[PDB]
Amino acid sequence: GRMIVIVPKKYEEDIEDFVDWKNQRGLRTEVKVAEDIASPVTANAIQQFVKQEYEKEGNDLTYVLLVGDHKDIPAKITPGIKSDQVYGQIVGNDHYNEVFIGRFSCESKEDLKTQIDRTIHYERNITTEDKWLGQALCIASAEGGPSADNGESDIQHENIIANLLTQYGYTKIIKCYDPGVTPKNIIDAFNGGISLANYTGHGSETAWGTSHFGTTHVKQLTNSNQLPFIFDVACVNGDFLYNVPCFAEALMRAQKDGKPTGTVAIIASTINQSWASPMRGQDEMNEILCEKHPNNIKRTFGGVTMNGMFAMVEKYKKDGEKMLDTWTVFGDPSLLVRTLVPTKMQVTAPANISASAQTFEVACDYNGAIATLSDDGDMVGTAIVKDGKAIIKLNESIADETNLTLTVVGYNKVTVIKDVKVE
């Protein structure tokens, strides 16, 4: 597939390194200046642009990343709905998304820089030394009963998720169940190191009902580039239209001595959530995350969460649709999620490539890995590793080139980057 980054003119130069990396790692990424769509930027204009981009040759548009807060790129507003997800609802009068939507909500250049830096570091720079991975945090309220999804209390619901994660390979589960959860309990879980967090309970625009951990406690986080992604079942935690930064925005924008803290990604609601339907969505998200043979789309934060929310519409109908529309992705929707401590890949590639070459062979011990040839952020060719090798087909001449960049990414693998000399 491919991604379009919709960016305000003031942030156009700042997203350059991000776009380079996405193309370098095998995801075709283009930029659209928000003011070039319409000035001022309206929800309706974004819709007709995403729809017209989707209809372009190949029908391969899969991700849309929105850059900026609501004043920069607005959310679609309808009675009782604040939505970014509706931008991905292109084919059919239904709530089943064709395109995965994500947002880098920022009110400063620093807010954008830290969201770019944390995304690139997560995909490119995570090593076998990142031992905070494969550790999850389960948070639950002391409420829920027969009226909830699968007649489970929030604690019973989180305990089932905890068992599923442990079975998959998560080496540590931190359980913070009400009564008595304090903000310090959450601060310590983040600082100790976690790669996933699940929340089920009440919420406000700036805090969690269970723990009372909020936007004011985010400055106490010291998890420098040790960031979890969160499946958040709570009201208004993702209301990025609020007069002060919302819960999800504070965690995505968090910095400590120029290093990213908080979260790499979070799915949080812009409105009050229903009791049962988001529990179903949260379960399916964790089940898709814990799948053994999913596609490269179900390997992304947008793909995992959206496919999880599809079951919610299937089982809870109109109420599930209302939850899907408002359960907003904060972060890169194409983010290649990590669940465990990565293992190294054995990558064998020729040191040189012929100027008149049409293909490039790459040997890799991990089948399903994506091998990509790039030229300073411009994708030259990409191929999947099958039967121990990737045969990269060049989509342009490299006759005048001196060097090419080879990038190999793999699920829960250390990213391999090599230089290829052009002979």
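Don't overthink the numbering: it's just position in the shown sequence, from 1.
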Segment of higher mean CA temperature factor, 393 to 401 or 365 to 373: 393 to 401
327 to 335 versus 298 to 306 - which carries the larger mean C-alpha B factor in the record: 298 to 306
Within-chain third of residue 347 by Cα B-factor, per the entry: highest
Within-chain third of residue 152 by Cα B-factor, per the entry: middle
Modelled-residue ranking by C-alpha temperature factor, third containing residue 135: middle
Residue 125 - which third its CA temperature factor falls in, relative to the rest of the chain: middle
Within-chain third of residue 384 by Cα B-factor, per the entry: highest
